[PDB]
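One structure below.
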Amino acid sequence: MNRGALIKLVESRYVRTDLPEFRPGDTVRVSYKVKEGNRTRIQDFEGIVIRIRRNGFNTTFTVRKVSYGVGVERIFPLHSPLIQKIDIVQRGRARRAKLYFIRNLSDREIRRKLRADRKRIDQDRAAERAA
Amino acid sequence: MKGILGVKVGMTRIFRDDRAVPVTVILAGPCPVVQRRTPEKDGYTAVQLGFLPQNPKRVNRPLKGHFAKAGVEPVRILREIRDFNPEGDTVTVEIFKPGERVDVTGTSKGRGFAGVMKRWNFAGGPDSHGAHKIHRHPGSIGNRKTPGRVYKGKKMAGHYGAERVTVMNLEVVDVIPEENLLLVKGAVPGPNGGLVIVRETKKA
Amino acid sequence: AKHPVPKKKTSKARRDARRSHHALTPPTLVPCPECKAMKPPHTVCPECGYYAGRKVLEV
Amino acid sequence: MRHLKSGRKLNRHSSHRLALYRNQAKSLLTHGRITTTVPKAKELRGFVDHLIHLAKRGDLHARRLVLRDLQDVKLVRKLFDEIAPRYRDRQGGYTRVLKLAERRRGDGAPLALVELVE
Amino acid sequence: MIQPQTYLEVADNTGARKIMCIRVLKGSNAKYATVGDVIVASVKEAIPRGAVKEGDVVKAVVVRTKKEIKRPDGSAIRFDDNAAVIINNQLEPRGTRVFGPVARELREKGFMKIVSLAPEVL
RNA sequence: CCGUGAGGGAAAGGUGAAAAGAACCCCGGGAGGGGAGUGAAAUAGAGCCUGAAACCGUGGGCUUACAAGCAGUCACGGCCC
RNA sequence: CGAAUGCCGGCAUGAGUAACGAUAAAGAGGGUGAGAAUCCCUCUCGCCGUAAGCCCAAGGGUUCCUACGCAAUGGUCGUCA
RNA sequence: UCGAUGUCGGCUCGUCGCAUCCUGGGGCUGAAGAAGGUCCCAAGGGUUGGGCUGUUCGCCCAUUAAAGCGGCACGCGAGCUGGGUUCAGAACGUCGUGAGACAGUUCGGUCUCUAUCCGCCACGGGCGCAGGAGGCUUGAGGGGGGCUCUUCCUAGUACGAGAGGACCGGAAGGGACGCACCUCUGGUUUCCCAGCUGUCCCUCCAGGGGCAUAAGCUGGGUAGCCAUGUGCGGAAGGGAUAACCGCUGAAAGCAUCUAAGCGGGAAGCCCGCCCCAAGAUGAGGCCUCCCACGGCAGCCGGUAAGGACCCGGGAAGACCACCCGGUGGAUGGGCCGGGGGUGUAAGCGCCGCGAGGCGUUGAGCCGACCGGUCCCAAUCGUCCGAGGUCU
Ligand SMILES: [Mg+2]
Ligand SMILES: [Mg+2]
Ligand SMILES: [Mg+2]
Ligand SMILES: [Mg+2]
Ligand SMILES: [Mg+2]
Ligand SMILES: [Mg+2]
Ligand SMILES: [Mg+2]
Ligand SMILES: [Mg+2]
Ligand SMILES: [Mg+2]
Ligand SMILES: [Mg+2]
Ligand SMILES: [Mg+2]
Ligand SMILES: [Mg+2]
Ligand SMILES: [Mg+2]
Ligand SMILES: [Mg+2]
Ligand SMILES: [Mg+2]
Ligand SMILES: [Mg+2]
Ligand SMILES: [Mg+2]
Ligand SMILES: [Mg+2]
Ligand SMILES: [Mg+2]
Ligand SMILES: [Mg+2]
Ligand SMILES: [Mg+2]
Ligand SMILES: [Mg+2]
Ligand SMILES: [Mg+2]
Ligand SMILES: [Mg+2]
Ligand SMILES: [Mg+2]
Ligand SMILES: [Mg+2]
Ligand SMILES: [Mg+2]
Ligand SMILES: [Mg+2]
Ligand SMILES: [Mg+2]
Ligand SMILES: [Mg+2]
Ligand SMILES: [Mg+2]
Ligand SMILES: [Mg+2]
Ligand SMILES: [Mg+2]
Ligand SMILES: [Mg+2]
Ligand SMILES: [Mg+2]
Ligand SMILES: [Mg+2]
Ligand SMILES: [Mg+2]
Ligand SMILES: [Mg+2]
Ligand SMILES: [Mg+2]
Ligand SMILES: [Mg+2]
Ligand SMILES: [Mg+2]
Ligand SMILES: [Mg+2]
Ligand SMILES: [Mg+2]
Ligand SMILES: [Mg+2]
Ligand SMILES: [Mg+2]
Ligand SMILES: [Mg+2]
Ligand SMILES: [Mg+2]
Ligand SMILES: [Mg+2]
Ligand SMILES: [Mg+2]
Ligand SMILES: [Mg+2]
Ligand SMILES: [Mg+2]
Ligand SMILES: [Mg+2]
Ligand SMILES: [Mg+2]
Ligand SMILES: [Mg+2]
Ligand SMILES: [Mg+2]
Ligand SMILES: [Mg+2]
Ligand SMILES: [Mg+2]
Ligand SMILES: [Mg+2]
Ligand SMILES: [Mg+2]
Ligand SMILES: [Mg+2]
Ligand SMILES: [Mg+2]
Ligand SMILES: [Mg+2]
Ligand SMILES: [Mg+2]
Ligand SMILES: [Mg+2]
Ligand SMILES: [Mg+2]
Ligand SMILES: [Mg+2]
Ligand SMILES: [Mg+2]
Ligand SMILES: [Mg+2]
Ligand SMILES: [Mg+2]
Ligand SMILES: [Mg+2]
Ligand SMILES: [Mg+2]
Ligand SMILES: [Mg+2]
Ligand SMILES: [Mg+2]
Ligand SMILES: [Mg+2]
Ligand SMILES: [Mg+2]
Ligand SMILES: [Mg+2]
Ligand SMILES: [Mg+2]
Ligand SMILES: [Mg+2]
Ligand SMILES: [Mg+2]
Ligand SMILES: [Mg+2]
Ligand SMILES: [Mg+2]
Ligand SMILES: [Mg+2]
Ligand SMILES: [Mg+2]
Ligand SMILES: [Mg+2]
Ligand SMILES: [Mg+2]
Ligand SMILES: [Mg+2]
Ligand SMILES: [Mg+2]
Ligand SMILES: [Mg+2]
Ligand SMILES: [Mg+2]
Ligand SMILES: [Mg+2]
Ligand SMILES: [Mg+2]
Ligand SMILES: [Mg+2]
Ligand SMILES: [Mg+2]
Ligand SMILES: [Mg+2]
Ligand SMILES: [Mg+2]
Ligand SMILES: [Mg+2]
Ligand SMILES: [Mg+2]
Ligand SMILES: [Mg+2]
Ligand SMILES: [Mg+2]
Ligand SMILES: [Mg+2]
Ligand SMILES: [Mg+2]
Ligand SMILES: [Mg+2]
Ligand SMILES: [Mg+2]
Ligand SMILES: [Mg+2]
Ligand SMILES: [Mg+2]
Ligand SMILES: [Mg+2]
Ligand SMILES: [Mg+2]
Ligand SMILES: [Mg+2]
Ligand SMILES: [Mg+2]
Ligand SMILES: [Mg+2]
Ligand SMILES: [Mg+2]
Ligand SMILES: [Mg+2]
Ligand SMILES: [Mg+2]
Ligand SMILES: [Mg+2]
Ligand SMILES: [Mg+2]
Ligand SMILES: [Mg+2]
Ligand SMILES: [Mg+2]
Ligand SMILES: [Mg+2]
Ligand SMILES: [Mg+2]
Ligand SMILES: [Mg+2]
Ligand SMILES: [Mg+2]
Ligand SMILES: [Mg+2]
Ligand SMILES: [Mg+2]
Ligand SMILES: [Mg+2]
Ligand SMILES: [Mg+2]
Ligand SMILES: [Mg+2]
Ligand SMILES: [Mg+2]
Ligand SMILES: [Mg+2]
Ligand SMILES: [Mg+2]
Ligand SMILES: [Mg+2]
Ligand SMILES: [Mg+2]
Ligand SMILES: [Mg+2]
Ligand SMILES: [Mg+2]
Ligand SMILES: [Mg+2]
Ligand SMILES: [Mg+2]
Ligand SMILES: [Mg+2]
Ligand SMILES: [Mg+2]
Ligand SMILES: [Mg+2]
Ligand SMILES: [Mg+2]
Ligand SMILES: [Mg+2]
Ligand SMILES: [Mg+2]
Ligand SMILES: [Mg+2]
Ligand SMILES: [Mg+2]
Ligand SMILES: [Mg+2]
Ligand SMILES: [Mg+2]
Ligand SMILES: [Mg+2]
Ligand SMILES: [Mg+2]
Ligand SMILES: [Mg+2]
Ligand SMILES: [Mg+2]
Ligand SMILES: [Mg+2]
Ligand SMILES: [Mg+2]
Ligand SMILES: [Mg+2]
Ligand SMILES: [Mg+2]
Ligand SMILES: [Mg+2]
Ligand SMILES: [Mg+2]
Ligand SMILES: [Mg+2]
Ligand SMILES: [Mg+2]
Ligand SMILES: [Mg+2]
Ligand SMILES: [Mg+2]
Ligand SMILES: [Mg+2]
Ligand SMILES: [Mg+2]
Ligand SMILES: [Mg+2]
Ligand SMILES: [Mg+2]
Ligand SMILES: [Mg+2]
Ligand SMILES: [Mg+2]
Ligand SMILES: [Mg+2]
Ligand SMILES: [Mg+2]
Ligand SMILES: [Mg+2]
Ligand SMILES: [Mg+2]
Ligand SMILES: [Mg+2]
Ligand SMILES: [Mg+2]
Ligand SMILES: [Mg+2]
Ligand SMILES: [Mg+2]
Ligand SMILES: [Mg+2]
Ligand SMILES: [Mg+2]
Ligand SMILES: [Mg+2]
Ligand SMILES: [Mg+2]
Ligand SMILES: [Mg+2]
Ligand SMILES: [Mg+2]
Ligand SMILES: [Mg+2]
Ligand SMILES: [Mg+2]
Ligand SMILES: [Mg+2]
Ligand SMILES: [Mg+2]
Ligand SMILES: [Mg+2]
Ligand SMILES: [Zn+2]
């Protein structure tokens with residue numbers, strides 16, 4: 001037998017292929033479904049993806065924003081059914097896999113360390129020009 | 001008291017109604033009934049199931065023979081499911097519906113000759129203030145001259161793990177007949193690829 | 001620690017009994033198919049440098 | 001508790017073990033056959049075969065890799081020129097480990113030999 | 001994961017700034033208090049003339065931890081600060097405002113008003 | 001040999017009448033032994049007169065793996081001489 | 001003499017047990033030899049370098065060199081010292 | 001007991017008693033209700049965190065269902081500590097002409113690697129369970145576990161002037177503890193990747209290796225082993241009872257729970273649940289396999305069914321034991337695809353006087369994880385092993 005496949009088979013029914021590709025250093029907006037009172041709304045959340053932990057189906061990416069004077073990090077199952085969508089908003093060129101150090105950097109200092117990623121930008125604009 | 005022999009492949013999680021459900025997957029089926037225990041003949045009710053076909057070159061005569069009287073192809077493993085009598089010659093996960101509940105058995109991982117802070121959750125001694133070579137020691141095992149002895153069943157360092165453990169009331173999350181796969185919410189003992197039994201639950 | 005030390009000499013019988021496990025299990029030997037000289041299985045015959053039917057060593 | 005860990009320790013810290021495998025590679029890729037202990041061998045198969053297999057790719061880059069562990073260039077030049085070629089159609093297994101029947105006198109260490117394959 | 005000794009930032013207009021937890025009001029021997037749970041703590045640093053003052057022993061719900069908190073949807077959440085909102089024995093906030101975000105768990109556990117006065121709920 | 005020094009202070013005898021003290025051959029690097037040979041005697045072979053006791057080992061007879069105990073004493077029974 | 005934590009000596013138990021004296025480190029090849037992880041040569045690796053290198057003085061007193069040896073000393077082995 | 005039985009408190013680890021602190025079941029109540037008081041039954045589980053002090057104890061803060069009292073040499077120093085006290089130093093108050101003294105205060109003051117026996121925690125070997133084997137099982141008998149709070153519904157109903165506020169029954173959510181698991185969260189991850197300084201080296205540049213720790217520093221880090229993280233458990237139910245409450249009912253024309261007899265009734269006893277277990281010598285049962293071999297309830301020798309040694313190994317493990325495999329083969333190692341991590345290698349070309357930057361490029365490297373492939377090694381073999389006693 002093969003244990004991996006079977007595992008991959010059980011997951012196979014809950015895998016997403018509509019979410020966009022992205023990297024740490026990018027700025028992301030994640031339209032996320034939320035439940036409250038008593039309905040369900042879609043709460044956007046925009047921050048630097050500082051951590052994409054990978055495992056095929058068990059890939060989970062960490063988005064960081066600074067909300068009113070407080071720094072917030074939050075974890076997203078990359079194949080969660082709660083994510084309505086994900087919009088890219090900037091290609092940051094982090095020169096590293098995990099961005100644990102921008103937790104202590106100033107909004108300015110963070111900008112020097114993640115000046116835009118021109119490449120993965122025109123490359124984006126390269127597409128987007130469908131017919 | 002339906003039950004089935006099976007192996008442990010691994011565990012991931014799935015989504016069910018905007019909720020994450022940790023699951024452990026099991027290759028339960030298909031188990032062929034190689035013998036039925038009886039009260040008149042053996043004095044008690046059960047069913048000897050087989051699981052995992054085995055290369056006949058490694059199977060010996062008395063075993064090969066026993067597999068004959070049951071018109072059953074060879075197999076790797078043999079376990080019983082007490083007080084269980086399937087109407088047919090073969091058992092499969094189909095006997096489990098989603099939303100049911102089961103008790104799971106597996107030969108837990110083996111921690112070898114493990115310490116007392118690991119087998120019996122002791123606290124050992126401090127790591128400072130004068131601790132002299134006892135940072136992970138138990139403490140005192142008795143009194144003094146009365147009783148002047150050590151208890152039986154006492155808690156000491158020793159082999160821990162690799163012993164039968166039965167987890168109970170797990171949830172049948174889904175069953176994949178196509179492949180003989182039972183999804184059960186929770187933790188199942190033993191390593192992946194290890195043997196497990198999946199018996200109907202005895203709780204309510 | 002407080003220097004543990006035996007309370008009583010160990011009888012002959014009590015030591016010689018504890019040594020019921022000191023028997024040497026003699027070495028496992030088999031014949032070499034090309035020189036018939038006894039030697040342990042799974043080793044390059046020290047008597048003719050043969051193993052697996054082919055030559056491998058000078059002896 | 002050693003569940004699913006590959007690569008021994010050979011009673012040697014992070015580097016003496018690295019220098020061992022290498023210093024056994026050098027002294028193997030040089031002579032074709034050496035006579036060490038059964039363990040030292042077993043763990044020297046995988047280390048070498050990776051080296052040669054890069055020799056098979058022969059590209060500039062590889063040489064600089066293999067040459068870290070081996071340093072010596074002439075030897076390496078003996079690796080990509082002579083040895084490596086007689087292994088192109090061979091898919092892995094460039095080394096053979098055999099055990100010697102007679103046991104060391106000083107410490108009864110089990111002897112085995114590692115050789116380059118045909 | 002809040003326990004005794006754990007200083008907590010305060011996110012309201014009481015006058016207090018920082019408080020030392022001294023007891024989680026969540027059972028006979030609970031170890032830690034998290035988002036939505038209520039604690040009793042001291043006032044270790046407040047502002048002059050405010051409602052509270054260095055010394056008072058008060059109640060307040062934890063609104064923001066530095067240890068992520070998991071959720072039934074797999075997601076999590078972690079803030080750069082441990083924060084609480086001073087409240088009264090009826091769970092009402094003795095402040096008139098609240099500062100910074102708060103955790104969407106608070107509503108669940110009966111702290112509607114705070115969730116309302118918070119600038120951004122998450 | 002101990003102590004810087006005054007000073008302290010041991011252990012250790014015996015082949016045989018006579019070396020006639022084992023040439024030579026054999027296994028072994030040697031030590032050591034196995035025959036040959038000497039002798040009245042060689043478990044008198046120099047690690048030697050006699051060679052006790054603890055202590056160690058080899059072979060044999062009885063006996064022991066559901067039993068308990070200052071180990072022995074009394075009776076009986078089975079096996080060995 | 002059966003005892004004096006007796007005196008001299010011999011031999012047991014703990015026991016094939018702890019330990020074999022700095023965690024700076026080892027690997028292969030060639031020779032030697034009855035016999036080699038432990039000796040010689042060669043290459044690779046590690047280690048000291050205000051030293052773990054080089055001189056002088058106290059003290060030790062033949063331990064320096066070479067040839068032939070390994071019973072005993074060498075905390076193993078030894079063809080080495 | 002002075003040819004030594006080490007003495008306070010704490011930490012660790014328990015276990016027992018019940019004169020019960022809590023949870024449970026009752027009687028009386030100046031018991032309306034809720035909440036209390038007082039005796040009775042009950043020892044299953046539980047009985048928090050802190051501030052002061054060497055402290056036991058006690059006081060106090062915040063809590064709680066509650067923060068119980070006691071025995072085990074005021075349990076526990078061949079298990080730790082060593083604050084007190086209780087050697088030598090020093091000083092204060094006091095007594096003494098003095099040397100010194102007091103237990104009164106004060107600062108300081110060597111706590112000894114190796115377990116022979118019982119005992120305990122785990123693991124094997126031998127033998128035995130009348131033929132010899134390979135498997136799967138009954139469970140006598142032991143062990144483990146046993147806790148509790150909160151909020152809503154019943155219902156602001158019964159009760160009460162009012163505040164307050166139920167029994168019975170029914171749902172939901174927690175706390176501490178326990179067993180296991182590693183999908184997620186979070187740690188380690190000793191060379192999986194990368195960056196960096198100084199020095200020596202290879203080969204001058206470039207690209208690299210050594211050392212700076214037993215990783216030189218730093219930023220990341222699979223598997224594995226982990227918890228703060230995840231699932232699960234406490235039960236339900238059946239039976240017999242304790243204190244109490246009765247039915248029928250004499251003695252004793254009434255009365256009486258008892259003297260004949262039958263009921264109700266505790267978190268506690270029994271079973272049920274999890275784990276071990278037939279050395280359960282009372283050594284059990286079932287399935288299949290082997291057989292009726294030669295020489296003289298015994299011996300010797302050769303086989304059968306089988307096993308053991310040998311080997312390649314394993315989330316199994318100190319050795320041993322256990323589990324898989326041994327060319328009729330995917331067990332380990334290597335090679336290959338995937339996962340995964342690091343995060344755009346070297347080389348060349350373009351821009352820049354230069355450190356550098358850009359593209360080739362998510363490139364190169366690349367342990368453990370899921371699989372494929374006989375390239376390498378588990379070659380070839382050896383040794384044990386029934387003839388089944390008697391009525
Ligand atoms: Mg997997
Ligand atoms: Mg498939
Ligand atoms: Mg920002
Ligand atoms: Mg959607
Ligand atoms: Mg499975
Ligand atoms: Mg099992
Ligand atoms: Mg283990
Ligand atoms: Mg444990
Ligand atoms: Mg623990
Ligand atoms: Mg502790
Ligand atoms: Mg401490
Ligand atoms: Mg600790
Ligand atoms: Mg100390
Ligand atoms: Mg210590
Ligand atoms: Mg202890
Ligand atoms: Mg003691
Ligand atoms: Mg006693
Ligand atoms: Mg075990
Ligand atoms: Mg489903
Ligand atoms: Mg001690
Ligand atoms: Mg000590
Ligand atoms: Mg003693
Ligand atoms: Mg004797
Ligand atoms: Mg004897
Ligand atoms: Mg003994
Ligand atoms: Mg010859
Ligand atoms: Mg370890
Ligand atoms: Mg492995
Ligand atoms: Mg390994
Ligand atoms: Mg390694
Ligand atoms: Mg190994
Ligand atoms: Mg090193
Ligand atoms: Mg190093
Ligand atoms: Mg590899
Ligand atoms: Mg061998
Ligand atoms: Mg604020
Ligand atoms: Mg003040
Ligand atoms: Mg909003
Ligand atoms: Mg003197
Ligand atoms: Mg002298
Ligand atoms: Mg003298
Ligand atoms: Mg003399
Ligand atoms: Mg004479
Ligand atoms: Mg001679
Ligand atoms: Mg000779
Ligand atoms: Mg000779
Ligand atoms: Mg001689
Ligand atoms: Mg002789
Ligand atoms: Mg004569
Ligand atoms: Mg005569
Ligand atoms: Mg005579
Ligand atoms: Mg004589
Ligand atoms: Mg004589
Ligand atoms: Mg005489
Ligand atoms: Mg004599
Ligand atoms: Mg003699
Ligand atoms: Mg005898
Ligand atoms: Mg009996
Ligand atoms: Mg008997
Ligand atoms: Mg009699
Ligand atoms: Mg006398
Ligand atoms: Mg004495
Ligand atoms: Mg004495
Ligand atoms: Mg004595
Ligand atoms: Mg004496
Ligand atoms: Mg041993
Ligand atoms: Mg011992
Ligand atoms: Mg020992
Ligand atoms: Mg040792
Ligand atoms: Mg070093
Ligand atoms: Mg070493
Ligand atoms: Mg050599
Ligand atoms: Mg040689
Ligand atoms: Mg040698
Ligand atoms: Mg030698
Ligand atoms: Mg050495
Ligand atoms: Mg210098
Ligand atoms: Mg001189
Ligand atoms: Mg001298
Ligand atoms: Mg000399
Ligand atoms: Mg010598
Ligand atoms: Mg010698
Ligand atoms: Mg010598
Ligand atoms: Mg000597
Ligand atoms: Mg020596
Ligand atoms: Mg010495
Ligand atoms: Mg010589
Ligand atoms: Mg010489
Ligand atoms: Mg005494
Ligand atoms: Mg005394
Ligand atoms: Mg004593
Ligand atoms: Mg005494
Ligand atoms: Mg009572
Ligand atoms: Mg009560
Ligand atoms: Mg009550
Ligand atoms: Mg009243
Ligand atoms: Mg009232
Ligand atoms: Mg009441
Ligand atoms: Mg009452
Ligand atoms: Mg109790
Ligand atoms: Mg109690
Ligand atoms: Mg307290
Ligand atoms: Mg304090
Ligand atoms: Mg007091
Ligand atoms: Mg007072
Ligand atoms: Mg209250
Ligand atoms: Mg109460
Ligand atoms: Mg007392
Ligand atoms: Mg007292
Ligand atoms: Mg005491
Ligand atoms: Mg004590
Ligand atoms: Mg002590
Ligand atoms: Mg003490
Ligand atoms: Mg003291
Ligand atoms: Mg003091
Ligand atoms: Mg005192
Ligand atoms: Mg004192
Ligand atoms: Mg004094
Ligand atoms: Mg003064
Ligand atoms: Mg004075
Ligand atoms: Mg006085
Ligand atoms: Mg006076
Ligand atoms: Mg006085
Ligand atoms: Mg006095
Ligand atoms: Mg005094
Ligand atoms: Mg001091
Ligand atoms: Mg003092
Ligand atoms: Mg100490
Ligand atoms: Mg001593
Ligand atoms: Mg012992
Ligand atoms: Mg005893
Ligand atoms: Mg046994
Ligand atoms: Mg056995
Ligand atoms: Mg088996
Ligand atoms: Mg039966
Ligand atoms: Mg028993
Ligand atoms: Mg039972
Ligand atoms: Mg209502
Ligand atoms: Mg009314
Ligand atoms: Mg209720
Ligand atoms: Mg609950
Ligand atoms: Mg995993
Ligand atoms: Mg993880
Ligand atoms: Mg993680
Ligand atoms: Mg490397
Ligand atoms: Mg050069
Ligand atoms: Mg240079
Ligand atoms: Mg350079
Ligand atoms: Mg160097
Ligand atoms: Mg250095
Ligand atoms: Mg060190
Ligand atoms: Mg390095
Ligand atoms: Mg990290
Ligand atoms: Mg990992
Ligand atoms: Mg935890
Ligand atoms: Mg629960
Ligand atoms: Mg009545
Ligand atoms: Mg009546
Ligand atoms: Mg009656
Ligand atoms: Mg009844
Ligand atoms: Mg009744
Ligand atoms: Mg009734
Ligand atoms: Mg009843
Ligand atoms: Mg209960
Ligand atoms: Mg069992
Ligand atoms: Mg049996
Ligand atoms: Mg019995
Ligand atoms: Mg049986
Ligand atoms: Mg092994
Ligand atoms: Mg096998
Ligand atoms: Mg074979
Ligand atoms: Mg394979
Ligand atoms: Mg493979
Ligand atoms: Mg691979
Ligand atoms: Mg891949
Ligand atoms: Mg990747
Ligand atoms: Mg580039
Ligand atoms: Mg490049
Ligand atoms: Mg240029
Ligand atoms: Mg450019
Ligand atoms: Mg790959
Ligand atoms: Mg094939
Ligand atoms: Mg092959
Ligand atoms: Mg016969
Ligand atoms: Zn041969």
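Chain labels run A, B, ... following the order of the structure tokens; each chain numbers its residues from 1, and ligands are numbered from 1 in the order shown.
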At most 12 Å is the cut-off: for each residue in chain H with any atom that close to an atom of chain E, write down the nearest atom pair and the distance in Å rounded to one decimal, counting only C-alpha atoms (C1' of nucleotides), chain first then increasing number, as a Markdown table.
| residue | atom | partner | partner_atom | distance |
| --- | --- | --- | --- | --- |
| H:46 | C1' | E:28 | CA | 11.1 |
| H:47 | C1' | E:28 | CA | 10.6 |
| H:48 | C1' | E:29 | CA | 4.7 |
| H:49 | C1' | E:23 | CA | 7.4 |
| H:50 | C1' | E:22 | CA | 8.0 |
| H:51 | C1' | E:22 | CA | 11.5 |
| H:61 | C1' | E:22 | CA | 9.4 |
| H:62 | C1' | E:23 | CA | 5.9 |
| H:63 | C1' | E:23 | CA | 7.1 |
| H:64 | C1' | E:28 | CA | 4.9 |
| H:65 | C1' | E:28 | CA | 8.7 |
| H:66 | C1' | E:28 | CA | 9.3 |
| H:67 | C1' | E:28 | CA | 9.5 |
| H:148 | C1' | E:28 | CA | 9.3 |
| H:149 | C1' | E:27 | CA | 7.1 |
| H:150 | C1' | E:27 | CA | 9.0 |
| H:151 | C1' | E:109 | CA | 11.1 |
| H:173 | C1' | E:109 | CA | 10.2 |
| H:174 | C1' | E:26 | CA | 7.8 |
| H:175 | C1' | E:27 | CA | 4.9 |
| H:176 | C1' | E:29 | CA | 6.3 |
| H:177 | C1' | E:29 | CA | 11.5 |
| H:183 | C1' | E:74 | CA | 10.0 |
| H:184 | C1' | E:74 | CA | 6.2 |
| H:185 | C1' | E:70 | CA | 6.5 |
| H:186 | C1' | E:67 | CA | 9.4 |
| H:228 | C1' | E:1 | CA | 8.3 |
| H:229 | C1' | E:70 | CA | 8.8 |
| H:230 | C1' | E:70 | CA | 10.9 |
Long-range neighbours of residue 100 in chain E as a list in words, 9 Å cut-off, only C-alpha atoms (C1' of nucleotides), 4 positions minimum in chain: residues 67, 68, 69 and 70 of chain A; 11, 118, 119, 120 and 121 of chain E
Tell me which protein, DNA and RNA residues are within 9 Å of residue 65 in chain F, counting only C-alpha atoms (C1' of nucleotides), leaving out same-chain ones fewer than 2 positions away, and put them as a PDB file with N, CA and C atoms (P, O5', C5', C4', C3', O3' and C1' of nucleotides), in the first residue's frame.
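The file below, part20.pdb, is the result:
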ATOM      1  P     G H 126      16.169 -20.550  27.215  1.00  0.00           P
ATOM      2  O5'   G H 126      16.127 -21.368  28.581  1.00  0.00           O
ATOM      3  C5'   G H 126      17.326 -21.763  29.230  1.00  0.00           C
ATOM      4  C4'   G H 126      17.041 -22.596  30.453  1.00  0.00           C
ATOM      5  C3'   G H 126      15.879 -23.567  30.335  1.00  0.00           C
ATOM      6  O3'   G H 126      16.195 -24.754  29.632  1.00  0.00           O
ATOM      7  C1'   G H 126      15.668 -22.374  32.342  1.00  0.00           C
ATOM      8  P     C H 127      15.043 -25.521  28.818  1.00  0.00           P
ATOM      9  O5'   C H 127      14.077 -26.064  29.963  1.00  0.00           O
ATOM     10  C5'   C H 127      14.602 -26.833  31.034  1.00  0.00           C
ATOM     11  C4'   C H 127      13.626 -26.958  32.176  1.00  0.00           C
ATOM     12  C3'   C H 127      12.255 -27.515  31.843  1.00  0.00           C
ATOM     13  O3'   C H 127      12.244 -28.921  31.673  1.00  0.00           O
ATOM     14  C1'   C H 127      12.019 -25.646  33.260  1.00  0.00           C
ATOM     15  P     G H 128      11.081 -29.611  30.805  1.00  0.00           P
ATOM     16  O5'   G H 128       9.779 -29.428  31.704  1.00  0.00           O
ATOM     17  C5'   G H 128       9.798 -29.766  33.083  1.00  0.00           C
ATOM     18  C4'   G H 128       8.632 -29.158  33.821  1.00  0.00           C
ATOM     19  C3'   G H 128       7.255 -29.465  33.258  1.00  0.00           C
ATOM     20  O3'   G H 128       6.782 -30.741  33.651  1.00  0.00           O
ATOM     21  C1'   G H 128       7.416 -27.156  33.760  1.00  0.00           C
TER      22        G H 128
END
Shell around range 37-39 of chain G at 10 Å using only C-alpha atoms (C1' of nucleotides), local window under 3 positions removed, as a list in words: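 Near range 37-39 of chain G, the qualifying residues are residues 104, 105, 106, 107 and 109 of chain D; 32, 76, 77, 78, 79 and 80 of chain G.
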All residues 9 Å or closer to residue 13 in chain G, only C-alpha atoms (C1' of nucleotides), same chain fewer than 4 positions away omitted, as JSON, numbers by chain: {"C": [6, 8, 9, 10, 11, 12, 15], "H": [116]}
Neighbours of chain H in chain D at 8 Å, counting only C-alpha atoms (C1' of nucleotides), as a PyMOL selection string: chain D and resi 1-7+13-14+42-43+45-46+49-50+60-61+64+68-69+71+90-98
All strand (DSSP E or B) positions in range 5-116 of chain A, as a ChimeraX atom specification: /A:27-35,40-43,46-53,60-67,70-77,83-90,92,116
Non-local contacts of residue 65 in chain E (6 Å; only C-alpha atoms (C1' of nucleotides); under 6 positions in same chain excluded) as a PyMOL selection string: chain E and resi 79+81-82
May I have the selected residues written with N, CA and C atoms, as a PDB file, in the first residue's frame?
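Final output, result-v3.pdb:
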ATOM      1  N   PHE E  79      -1.828  39.015  18.870  1.00  0.00           N
ATOM      2  CA  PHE E  79      -1.576  40.446  18.880  1.00  0.00           C
ATOM      3  C   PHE E  79      -0.253  40.702  19.591  1.00  0.00           C
ATOM      4  N   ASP E  81       0.366  42.555  21.970  1.00  0.00           N
ATOM      5  CA  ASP E  81       0.226  42.991  23.351  1.00  0.00           C
ATOM      6  C   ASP E  81      -0.820  42.154  24.072  1.00  0.00           C
ATOM      7  N   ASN E  82      -0.639  42.034  25.384  1.00  0.00           N
ATOM      8  CA  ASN E  82      -1.658  41.496  26.274  1.00  0.00           C
ATOM      9  C   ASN E  82      -2.451  42.668  26.841  1.00  0.00           C
TER      10      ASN E  82
END
Contacts of ligand 25, 8 Å or closer, only C-alpha atoms (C1' of nucleotides) and all ligand atoms, given as an NGL selection string: :C and (10 or 13-19)
Residues of chain G within 12 Å of chain C, only C-alpha atoms (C1' of nucleotides) counted, as a ChimeraX atom specification: /G:12-16
Nearby polymer residues, ligand 101, at most 12 Å, only C-alpha atoms (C1' of nucleotides) and all ligand atoms, as a ChimeraX atom specification: /H:15-18,20-22,43-47,68-70,147
